[PDB]
Amino acid sequence: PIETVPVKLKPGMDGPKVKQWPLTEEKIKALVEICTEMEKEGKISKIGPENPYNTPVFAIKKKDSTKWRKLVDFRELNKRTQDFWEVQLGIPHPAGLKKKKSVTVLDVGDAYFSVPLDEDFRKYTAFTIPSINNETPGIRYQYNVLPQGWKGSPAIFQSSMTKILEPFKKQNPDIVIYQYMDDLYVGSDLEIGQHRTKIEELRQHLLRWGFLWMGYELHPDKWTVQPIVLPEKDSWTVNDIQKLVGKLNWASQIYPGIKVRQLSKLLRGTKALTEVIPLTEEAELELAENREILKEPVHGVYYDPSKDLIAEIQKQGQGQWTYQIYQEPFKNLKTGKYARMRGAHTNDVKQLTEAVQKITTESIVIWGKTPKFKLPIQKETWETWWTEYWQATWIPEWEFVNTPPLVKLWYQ
Amino acid sequence: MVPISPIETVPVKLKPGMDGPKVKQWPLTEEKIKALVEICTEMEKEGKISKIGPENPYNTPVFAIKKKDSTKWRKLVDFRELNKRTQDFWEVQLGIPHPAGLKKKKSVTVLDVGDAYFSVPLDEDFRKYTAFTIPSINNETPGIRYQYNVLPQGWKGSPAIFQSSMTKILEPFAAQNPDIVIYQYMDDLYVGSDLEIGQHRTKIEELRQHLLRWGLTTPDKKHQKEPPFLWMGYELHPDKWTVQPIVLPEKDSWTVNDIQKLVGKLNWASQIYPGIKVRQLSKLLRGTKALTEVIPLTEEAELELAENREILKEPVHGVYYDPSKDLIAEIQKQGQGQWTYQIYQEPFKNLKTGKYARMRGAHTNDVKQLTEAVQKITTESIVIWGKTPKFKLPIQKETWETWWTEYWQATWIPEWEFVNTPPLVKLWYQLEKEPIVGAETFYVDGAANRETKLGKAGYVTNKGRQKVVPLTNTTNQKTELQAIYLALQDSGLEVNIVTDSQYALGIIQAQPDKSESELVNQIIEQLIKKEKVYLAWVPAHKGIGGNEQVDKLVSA
Ligand SMILES: Cc1cc(/C=C/C#N)cc(C)c1Oc1nc(NC2CCN(Cc3ccc(S(N)(=O)=O)cc3)CC2)nc2ccsc12
Ligand SMILES: [Mg+2]
């Protein structure tokens with residue numbers, strides 16, 4: 001691939017100028033070794049002071065791998081890089097991927113380093129390996145080839161990839177293959193033994209066209225909007241009925257026809273919260289009619305590819321996290337719940353970071369893009385710690401929730 | 001002639017769309033012109049500048065100034081205009097090392113590189129932009145026109161390009177001599193090591209040998225400064241460091257300017273002098289932009305100052321960093337949102353100190369502030385030492401566990417141990433998860449007229465207890481909290497409270513222990529006195545008994 005693809009920023013936009021955040025010594029050392037080798041292989045070059053741009057860099061360890069890996073935070077460069085239609089008017093996202101019984105995630109970002117990056121654009125990929133305590137200037141580099149995590153890399157490489165895959169796709173018409181950034185998502189409806197065979201029979205095919213040996217296995221079988229459920233009880237206290245009317249009043253914003261009049265009627269007076277209240281027939285029927293309403297899907301829910309996906313997360317305690325993905329309030333496109341996050345029964349922030357990564361993966365599989373997160377955490381705590389538990393090659397956007405939402409209860 | 005290597009040129013451009021400068025040269029006196037001609041003839045002989053013709057259309061004004069004992073005219077080329085038009089550079093100097101991160105060095109040499117500076121050539125395609133003109137005597141001949149061949153002093157790119165050029169020249173020497181450290185500041189170059197003065201002097205000669213490959217001569221700095229090095233506001237001693245003398249002035253009149261400088265010194269001093277505090281002195285500046293406004297000191301600002309003078313009465317010093325020892329960070333609560341800390345490796349030998357002040361906000365609590373202080377110190381320690389310290393915190397292990405298991409946000413603090421140093425951070429109240437059997441149930445409500453500001457707050461209970469209080473100059477939100485306050489005041493040690501106020505729930509669920517609202521503070525004081533409080537929420541105007549009753553009582 002001698003010919004470079006002309007790339008430009010968007011009109012009236014300079015390159016990124018993002019501060020490098022401080023790194024521990026062990027991550028600095030890991031990055032020095034990695035970048036020394038990349039430089040010997042020609043993937044990056046030392047740059048001079050006439051280049052004022054910068055994108056942050058850090059070091060991670062992929063899911064269950066002891067080898068340090070370099071991760072560049074290209075979020076700013078990606079939003080400044082021209083919108084891309086490298087080959088066609090767009091890649092219609094495969095609605096069939098989310099329906100497949102199993103989906104395996106392959107890191108193919110190494111393939112990018114075989115394509116040269118347009119020489120006029122290289123300066124915008126500048127990054128700095130920082131020094132400890134400013135005791136030496138940072139090491140300054142730019143990319144000479146398509147970098148991992150950049151928007152343009154899958155776009156510029158798409159002509160090459162579609163050809164590397166066509167033989168495999170030609171024989172397996174029922175296997176769905178989707179690429180998002182540095183990742184290939186390979187899905188099928190067959191028992192894993194053949195699946196891991198096909199998967200291993202895909203990377204080998206890839207190895208003969210020029211890898212990693214890592215995979216991530218999913219089952220979009222169980223992905224929908226979780227029903228709102230109401231308690232089933234033989235004796236209701238005042239407190240129980242108050243919590244029920246509250247939940248039903250919240251649900252009435254999502255569902256038409258929810259009624260609470262007959263249930264509210266039970267609370268006629270000024271009763272002790274622990275007092276048992278017998279349900280009337282009218283109240284039981286109303287509750288029954290509410291249960292029915294809540295069995296059907298929400299009215300007029302549709303994905304609009306022009307709008308952002310928004311992901312909200314609630315800490316429920318004891319290792320449990322609930323989340324909703326939507327574009328418009330009360331029109332959830334997906335809800336879910338996580339329990340017992342792996343490797344952090346005593347660390348909230350690690351659990352939140354893994355939940356953010358799982359929700360992002362689900363979002364890529366369903367819609368082919370990442371949501372904007374609303375995180376139940378103070379900014380300074382999140383920004384101090386999340387890079388410590390990040391294991392993905394992409395990074396989504398996020399904002400912080402500082403006021404406790406009343407609705408955490410309703411997803412309980 | 002011994003061939004020398006050229007210093008690699010940095011290519012430079014003007015900002016997109018901009019041309020070079022075209023500033024008119026001012027008239028100069030005959031005396032100044034004479035001086036400038038002499039100065040420039042000498043710079044021209046040294047290769048720093050070259051004569052050019054009148055084809056070049058750019059120009060930057062030049063001036064002649066002097067010192068008062070110094071018996072000469074000085075030359076000044078004002079590159080303000082050219083700097084506005086020059087591309088930005090990677091400014092590789094902004095941050096400096098913190099002394100507490102430095103490691104002890106037995107021997108340190110200084111080398112003057114002021115002359116190596118002029119060996120750094122300016123990009124040839126950029127020189128034209130540096131043209132200037134010496135006006136002629138009596139303006140009767142063409143002005144003498146020159147341009148720079150070297151990095152001009154005063155030009156936007158000279159510091160970054162000079163430092164980058166030296167770094168690249170020095171890199172092979174530093175890489176192959178890992179038993180020395182090399183650091184550059186202005187025209188000075190500092191070389192430290194733990195070698196005997198003999199091998200150390202030998203590395204210096206080797207470094208001199210190395211720099212000669214680029215024709216760079218480097219003698220020792222004039223009037224070798226005995227320790228400590230005065231540098232960036234510090235005193236770098238061979239085995240200790242501190243800030244330069246902190247002297248608080250004595251005054252009976254303090255203006256808005258005085259109090260700003262006092263905080264500056266105090267903030268600077270707080271990196272080694274433990275327990276410095278600057279709230280009460282900062283509070284006297286909340287919002288002003290005029291600087292002689294004599295602001296009297298509160299009895300609390302005076303106390304704070306006097307407390308600082310005591311801390312500053314004697315000099316204190318930090319130690320340098322020992323990589324083979326643990327790194328320990330200890331925090332104390334000081335009051336009024338203020339926090340202090342010490343970072344050390346051996347007890348009583350601080351590497352450095354610091355402070356943290358609560359963020360601006362309507363409500364807050366001590367555990368959130370402590371958490372924030374921990375993240376600040378974590379980030380500072382990664383900068384300075386490349387690692388997180390072990391924390392010693394004035395909060396019990398059980399208190400922290402209760403906090404983070406129950407708090408609605410995710411939160412984390414890294415490896416830490418309890419240090420029993422009062423005052424201790426604690427949870428002041430904890431709400432119940434379930435309604436309390438046998439406890440009276442208060443249904444509270446409040447309401448206010450938007451126009452008249454008249455309102456009512458009150459409660460009704462399952463025992464028939466009732467209260468409605470009329471209020472003036474109030475709001476819906478304030479009557480809603482006032483109703484909760486009355487229920488707390490009038491109930492026993494255990495109480496169930498039912499509100500429809502999402503506003504009040506949002507406040508209390510945030511678990512504040514102090515507020516800028518006196519009413520919230522009064523509610524906090526009540527909660528602290530209770531044994532058990534269950535707070536339940538219901539939606540307004542849905543016929544919820546008790547809520548319906550009190551709602552009508554307070555709504556006119
Ligand atoms: C080497 C150096 C010098 C300075 C001075 C500026 C001024 N004006 C600044 C920095 C950042 C330097 O850079 C590094 N300095 C250190 N450590 C220091 C070395 C100096 N001592 C003080 C001292 C020691 C011995 C003598 S003595 N016995 O020769 O009289 C005199 C003074 C404190 C620790 N470590 C590193 C690591 C990477 S860079 C760097
Ligand atoms: Mg009301």
Side-chain angles (χ1 to χ4, degrees), chain A residues 23-24 26-27 30-31 33-34 57-75 97-98 100-113 147-149 153-154 177-188 192 195-196 198-200 202-203 206-207 211-223 311 313 319 321 323 336-366 368 370-371 373 375 382 385-396 398, chain B residues 410 412:
Chain A
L23 296 187
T24 54
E26 79 172 350
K27 296 177 192 166
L31 293 175
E33 300 174 352
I34 291 158
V57 65
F58 64 112
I60 65 163
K61 297 182 187 172
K62 265 277 187 174
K63 209 139 161 194
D64 201 317
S65 284
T66 185
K67 188 69 177 300
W68 285 102
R69 165 185 182 104
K70 167 160 137 252
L71 181 47
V72 185
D73 177 11
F74 280 126
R75 279 180 294 174
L97 182 66
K98 77 192 169 184
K100 290 301 178 176
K101 177 188 302 183
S102 287
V103 172
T104 307
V105 183
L106 286 179
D107 180 9
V108 294
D110 185 68
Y112 289 152
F113 294 158
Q148 297 177 158
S153 295
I177 305 176
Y178 171 72
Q179 175 179 9
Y180 180 84
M181 296 301 280
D182 300 355
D183 287 318
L184 223 56
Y185 294 82
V186 182
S188 73
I192 165 165
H195 197 108
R196 41 200 181 90
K198 279 307 171 183
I199 295 304
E200 190 55 34
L202 179 51
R203 71 180 64 177
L206 299 173
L207 185 51
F211 196 177
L212 185 60
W213 185 67
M214 176 182 171
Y216 193 8
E217 68 299 317
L218 305 157
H219 306 290
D221 295 318
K222 344 158 178 299
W223 303 4
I313 302 188
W321 302 81
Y323 66 93
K337 179 179 170 179
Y338 296 145
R340 286 157 292 183
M341 298 284 180
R342 170 150 57 91
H345 296 75
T346 199
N347 183 331
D348 267 1
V349 179
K350 179 174 194 175
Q351 292 177 38
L352 181 54
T353 308
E354 298 175 345
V356 168
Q357 280 164 103
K358 297 206 249 66
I359 300 170
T360 299
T361 298
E362 291 167 22
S363 181
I364 293 171
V365 162
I366 296 159
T370 70
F373 285 90
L375 296 179
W382 175 259
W385 293 108
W386 71 266
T387 66
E388 193 75 359
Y389 320 112
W390 199 257
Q391 307 195 282
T393 48
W394 33 256
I395 307 165
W398 42 64
Chain B
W412 168 250

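In the text below, chain A, chain B and the rest are named by the order of the sequence lines, each starting its count at 1. We use all heavy atoms of the structure for the numbers below, so side chains are in, but hydrogens, waters and symmetry mates are not.
The shortest side-chain heavy-atom distance between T387(A) and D73(A) does not fall under the 4.5 Å cut-off. With contacts defined as side-chain heavy-atom distances shorter than 4.5 Å, the pair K70(A)/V57(A) qualifies. In this structure the side chain of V356(A) reaches within 4.5 angstrom of the side chain of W382(A), judged on heavy atoms. When side chains are defined from C-beta on, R196(A) does not count as touching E217(A), because their heavy atoms never get closer than 4.5 Å. Proximity of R203(A) to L106(A): side-chain heavy atoms (C-beta onward) are separated by under 4.5 Å at one or more points. Taking 4.5 Å as the limit, every side-chain heavy atom of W385(A) sits out of range of all side-chain heavy atoms of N347(A). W68(A) has its side chain within reach of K61(A): a pair of non-hydrogen atoms, C-beta onward, lies under 4.5 Å apart. Taking 4.5 Å as the limit, every side-chain heavy atom of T393(A) sits out of range of all side-chain heavy atoms of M181(A).
To the nearest 0.5 angstrom, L97(A) atom CG is 9.0 Å from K100(A) atom NZ. In this structure, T104(A) OG1 and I192(A) CD1 are separated by 7.5 Å, a value rounded to the nearest 0.5 Å. The OG atom of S65(A) sits 7.0 Å away from atom CG of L212(A), with the distance rounded to the nearest 0.5 Å. Atom CD of residue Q179(A) and atom CD1 of residue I364(A) lie 11.5 Å apart, to the nearest 0.5 angstrom. The CZ atom of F74(A) sits 7.5 Å away from atom OG of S153(A), with the distance rounded to the nearest 0.5 Å. Atom CD1 of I34(A) sits about 12.5 Å away from atom NZ of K27(A), to the nearest 0.5 Å.
Using modelled atom types, one side-chain atom of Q357(A) and one backbone atom of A392(A) make a donor-acceptor pair closer than 3.5 Å. Between the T353(A) side chain and the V349(A) main chain, a donor and an acceptor come within less than 3.5 Å of each other. With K350(A) contributing its side chain and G343(A) its backbone, the two residues share a donor-acceptor pair below 3.5 Å. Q351(A) places a side-chain N or O within 3.5 Å of a backbone atom of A344(A) that can act as its donor or acceptor partner. Side-chain atoms of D182(A) come within 3.5 Å of backbone atoms of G149(A) as a donor-acceptor pair (strictly under, hydrogens ignored).
No donor-acceptor contact under 3.5 angstrom links the side chains of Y216(A) and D183(A), judged on distance only.
Note: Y178(A) and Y185(A) have tilted aromatic rings, judged against thresholds of 30 and 60 degrees for the angle between ring planes.
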Requested in this report: Tell me, with the steps shown, if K222(A) and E362(A) meet salt bridge (charged side-chain N to carboxylate O under 4.0 Å, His left out).
Outcome: CA-CA 11 Å; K222(A) 344 158 178 299; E362(A) 291 167 22; over 6 Å; no
Query - Chi angles and distances behind the side chain to side chain contact (heavy atoms under 4.5 Å, CB included) call for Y389(A), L352(A) - result: CA-CA 10 Å; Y389(A) 320 112; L352(A) 181 54; over 6 Å; no
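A311(A) approaches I359(A) most closely through the heavy-atom pair CB-CG2, 4.1 Å. In this structure, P396(A) and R75(A) approach most closely via the heavy-atom pair O-NH1, 3.1 Å. For the pair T346(A) and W412(B), the tightest heavy-atom approach, listed with the atom from each and the gap, is O-CZ3, 3.6 Å. Across all non-hydrogen atoms, the minimal contact from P147(A) to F113(A) is CA-CE2, 4.3 Å. The minimum heavy-atom distance between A355(A) and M341(A), with the atom names listed, is CB-CE, 3.5 Å.
For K337(A) and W321(A), the positive end is not near the middle of the six-membered ring at less than 6.0 Å and at most 45° from its axis.
Taking 4.0 Å as the cut-off between side-chain N and carboxylate O, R69(A) and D107(A) count as a salt-bridged pair. Salt-bridge check for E354(A) with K63(A): failed, with every basic side-chain N at 4.0 Å or more from each acidic carboxylate O.
Checked options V103(A), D221(A), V365(A); the residue passing with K98(A) is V365(A) (criterion: side chain to side chain contact (heavy atoms under 4.5 Å, CB included)).
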